[PDB]
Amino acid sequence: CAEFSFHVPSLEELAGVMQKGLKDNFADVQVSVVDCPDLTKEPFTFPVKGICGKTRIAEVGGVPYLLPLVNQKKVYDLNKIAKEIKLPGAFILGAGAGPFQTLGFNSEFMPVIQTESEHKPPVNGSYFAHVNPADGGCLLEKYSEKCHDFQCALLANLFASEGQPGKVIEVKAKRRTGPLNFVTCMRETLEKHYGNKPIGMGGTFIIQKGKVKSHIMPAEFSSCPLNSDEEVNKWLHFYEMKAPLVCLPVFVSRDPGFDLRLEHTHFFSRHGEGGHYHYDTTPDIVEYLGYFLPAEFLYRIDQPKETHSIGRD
């Protein structure tokens, strides 16, 4: 496990940098520093009220453990990861592959977890999405119904905090007028402004209106190696899904040298739709509402020794 210290501006500073960027991409933008809303309420319904306190990102494993051929031995425990990143009782959000070792099929994982500590009873509020073997569509389930553990597999991009109320950056962006998705626009704005001083960010956003391109991985792994993005995209199942969607992004402006996934966003909803976010497909009507914080630290766990740049969209 490697630790890296991010650059951490004010709140006020980031807000102003992100607004100017987003204004180039979207017609109606507002970014401001606000009190975090109570995230135990709808539409989030997290096990904790906020995303503040001891913020950090964990990048665990990677796409090179999935592709070209899968190493199914690469299994992880998110409760244990919390201790590894020096925050027992961390509240964890983000995106990863689901635990096939408990579920019995592949899936997209939406970790939403109050991990265990001496003062915090654990709650696994995670969701998982997998390809319906009936009609090829999306089946979204709450992990705790099917399994009672903290497992995931292969790769995870996570934003961890103490889950406390406090100040966060609120982003309102409506009507896309440029080619970037919501997350890419933010990440690329931060990199353009800050350069050599890396910034990491996470939290949650709602797609309130519009549709998106997403994907879900098939229930079983390929026998043959998936050696290119074209081959990977043929194996993956793609969808158009509709608002409202609750999204969990993790993004980093510049990789200081840890073989990072720079952008990764998974989502769930109350209407049976979830998976891996690509972009919105209705730019004139799309509405995003986000709550974000910068990360103080990056932790790199089980970085692949053998790597490549395939399959990172």
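Quick note: we count residues from 1 along the sequence shown, nothing fancier.
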**OP:** Sort the modelled residues of this chain by their C-alpha B factor and say whether residue 73 lands in the lowest, middle or highest third.
**Re:** lowest
Subject >> Chain-relative CA temperature factor third for residue 253 >> reply: middle
**OP:** Could you look up the Cα B-factor of residue 244 in the entry and say which third of the chain it sits in: lowest, middle or highest?
**Re:** lowest
Subject >> Third assignment of residue 285 from its chain's C-alpha B-factors >> reply: highest
Subject >> Assigned third (lowest, middle, highest) for the C-alpha B factor of residue 15 >> reply: highest
